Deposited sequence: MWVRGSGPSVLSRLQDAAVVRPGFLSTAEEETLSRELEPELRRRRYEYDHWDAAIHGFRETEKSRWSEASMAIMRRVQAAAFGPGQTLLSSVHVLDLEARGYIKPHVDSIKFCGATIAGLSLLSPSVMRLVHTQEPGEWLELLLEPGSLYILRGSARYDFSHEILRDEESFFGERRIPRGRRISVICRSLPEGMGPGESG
C-alpha cells in the first residue's frame, strides 16, 4: 500500500489522477542520478526560510543539460507520465534537509501545465493531498526512494500537496523517518 484515502470516494475519483509507481528507478538509475546532481547541489547554500514560502529547509537548481544516462531516465518519465504534452525547458531538482518539508500548495497554474511527475531519491517521505475546499477530503502517498509519483487533473488542480515534516511524518499510523531528500520534478507547460 502506497496510497491511503480519507474514504473510497476520493480514492475512486483520483485512482488515475494521483499515481505512484514504487520501483520506477533501478538502484543503478538512482545512483546515476545521485552522482550527477550531488556536486551541482553541494555548491549551493540551503536557502533562508520564509514563513510565507511553501518550501522550507531547501536548496534547488533548474537542470536542462543531462548526461546520456540521466537523459534516458527523463525520457522514461516523459514516456510514462506525459501524453502525446510538452515539457518545460528545464527540470526542477529539489534538495530538502532532514528538517526540511513542504507546506500545502497548488503548483502555479500560470507556469505549470496539467501534469506534475516527480522522482524521489535517498529517503522515504509522505505527500499528503488535501482538497482545497474540503479539508476532510485527502489522500496520503508513500514515496520511497526510486519512486515516481504522477499528479494530474483533479490531483493537480483541486488538491494541495505537501511533503510532511519529520515530526508530522506518518503514513497512516506508521512512522516514516525523514532524512535528506533529493527530488527531480518534471512539469508540463500550460
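Trainee: Return the ranges of the deposited sequence not covered by C-alpha coordinates, sorted by sequence position.
Mentor: Several stretches lack coordinates - namely 85, 192-200, in sequence order.
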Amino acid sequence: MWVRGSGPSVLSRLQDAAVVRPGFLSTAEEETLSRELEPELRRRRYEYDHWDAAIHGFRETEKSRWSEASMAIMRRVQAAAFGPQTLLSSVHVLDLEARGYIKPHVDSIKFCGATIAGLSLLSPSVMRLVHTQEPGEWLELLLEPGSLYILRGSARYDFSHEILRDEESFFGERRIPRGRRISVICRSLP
From here on, numbers count along this sequence of modelled residues.
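Trainee: Mean C-alpha B factor from the entry: is it higher for 7-15 or for 20-28?
Mentor: Higher of the two, by average CA B-factor, is 7-15.
Trainee: Going by the mean C-alpha B-factor recorded in the entry, which is higher: 64-72 or 44-52?
Mentor: It is 64-72 that shows the higher mean C-alpha B-factor.
Trainee: Of the options 35, 165, 161, 59, which has the highest CA B factor as deposited?
Mentor: Highest CA B-factor of the listed options: 35.
Trainee: At the C-alpha atoms, which of 100, 118, 104, 84 reaches the highest B-factor in this entry?
Mentor: Of 100, 118, 104, 84, 84 has the highest C-alpha B-factor.
Trainee: Which third, lowest, middle or highest, does the CA B-factor of residue 144 fall in along this chain?
Mentor: It falls in the bottom third of the chain.
Trainee: Sort the modelled residues of this chain by their C-alpha B factor and say whether residue 77 lands in the lowest, middle or highest third.
Mentor: CA B-factor rank for residue 77: middle third.
Trainee: Looking at the temperature factor on the CA atom of residue 88, which third of the chain's modelled residues does it land in?
Mentor: Highest third, going by the recorded CA B-factors of the chain.
Trainee: Would you mind ranking residue 124 by its C-alpha B-factor against the rest of the chain and naming the third, lowest, middle or highest?
Mentor: It falls in the bottom third of the chain.
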